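Only one chain is included here, represented as structure tokens and corresponding to the form deposited in one PDB entry.
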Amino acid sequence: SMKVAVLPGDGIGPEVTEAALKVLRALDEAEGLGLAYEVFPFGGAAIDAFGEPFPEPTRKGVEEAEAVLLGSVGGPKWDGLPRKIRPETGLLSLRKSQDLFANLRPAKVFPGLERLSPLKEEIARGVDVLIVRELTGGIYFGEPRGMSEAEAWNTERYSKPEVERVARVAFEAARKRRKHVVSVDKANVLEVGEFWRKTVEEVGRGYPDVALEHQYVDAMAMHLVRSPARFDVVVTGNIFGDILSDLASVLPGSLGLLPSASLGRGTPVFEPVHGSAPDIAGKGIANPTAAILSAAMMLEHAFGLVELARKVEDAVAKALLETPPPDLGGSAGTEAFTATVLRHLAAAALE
């Protein structure tokens, strides 16, 4: 069993999600994975068809599946809509409906793509860092909150269970990688930082196979530029994670290379970081790497098929060098690039 709800969304979403499906079907056929999937309406296309971005049929399909493969969502066309039915509200409704409390965003400098990084080649080399960001609490949602003409106030607050559950997702993710977690806080100045640190240390005792270190968020802004290749997994609160994930996201030097996973109680959601790029919808040029790597994330984080996720990543790594898409200075269309990924998957299998 591998039951996937596919929500291809808007703009280039249908193209790049289909590229990811071609990869998953090739794996299913080669490995006997028991893949079953169904496509559901979501985002702008759903608004246009049904009058809302996350209609009942889709909520049901997402609930019933074991993972969501989501394309890009939204665009200029729907920007003038009431908030209640906007594509972005659909995305919040999707994530809330599943209580997804951890966002995982990996930033990887593939070998031979150091040239793309803003960092010098020797610093970019070997970067492969996974930022795990607490998604449902902290100052973004804390109470009290408000403003008057005199002042305004927001509250960074965390309860023990919120810190525990994001930490566990980080330790589990590190087991699948290089078994190293850095937890990030502001424990030398803030009570929430002290509390976060002690809670993560306590949770860490359940994961004796994973090394744990603590760093302050300001020091981490230094380290992600000076020696990012030193990290494996990094876990932190919502606002710090938003900042550091954005910092890590620019190290590979290309938006089309970045996948995202959101994990929690319900069905986990895997999607590209890039948007719907409507100006190139239907052209067959979008770089499907983010989507394909989101399917590798699905294999790894929803299904525990870590060896398979690594095979997909290696095939993508080779394809980026062999037949780079236009965003990397090459000329490979979406389908040609997907075919190159499949050739490498096939070649690695035939050992």
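Throughout, we count residues from 1 along the sequence that is shown. Superpose the two forms; the largest set of C-alphas matching within 1.5 Å is the rigid core.
Quick note: we don't show the form deposited in another entry, though the next part is all about it.
### Query
If you fit the two forms on their rigid core, which residue out of 102, 258, 116, 91 shows a CA shift of at least 2 Å between this form and the one not shown?
Result of the comparison: 116.
#### Entry: Pair residue 310/residue 210, Cα separation in that other deposited form versus the displayed form, closer or farther by 3 angstroms or more
More distant in that other deposited form, by 3 Å or more.
### Query
How does the CA gap of residue 242 and residue 13 change in that other deposited form versus this form, closer or farther, if it moves 3 angstroms or more?
Nearer in that other deposited form, by 3 Å or more.
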